[PDB]
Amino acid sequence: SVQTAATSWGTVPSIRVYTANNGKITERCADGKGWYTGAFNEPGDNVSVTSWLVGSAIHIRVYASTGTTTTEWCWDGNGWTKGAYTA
């Protein structure tokens, strides 16, 4: 099957669901209305996620695994960038 990971924040709430499918991770988003496709699109067969609020600003870390290599992807409001995580 496809593999998913989920995070949420606040009380509305905001939800982000990540799906690993055919070597690619994509993102679906809800913020109190309908679902929409998120900006996140990077390779992976396995995915985990965690998020935290710095005041009103959400920060997301997505851990994308292909073989024995896990790449950390960072959302800090402006774009998805590679993090310094190593195994």
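Numbers for residues come from their place in the sequence shown, where the first is 1.
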Where the record places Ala5 (Cα B-factor, split into thirds across the chain): lowest
With respect to C-alpha B-factor, does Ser51 fall in the lowest, middle or highest third of the chain as deposited? lowest
Sorting the chain's modelled residues by C-alpha B-factor and splitting them into thirds places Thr19 in the lowest
Grab the CA temperature factor for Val12 from the record and place it in the lowest, middle or highest third of its chain. highest
B-factor third for the C-alpha atom of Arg61 within its chain: lowest
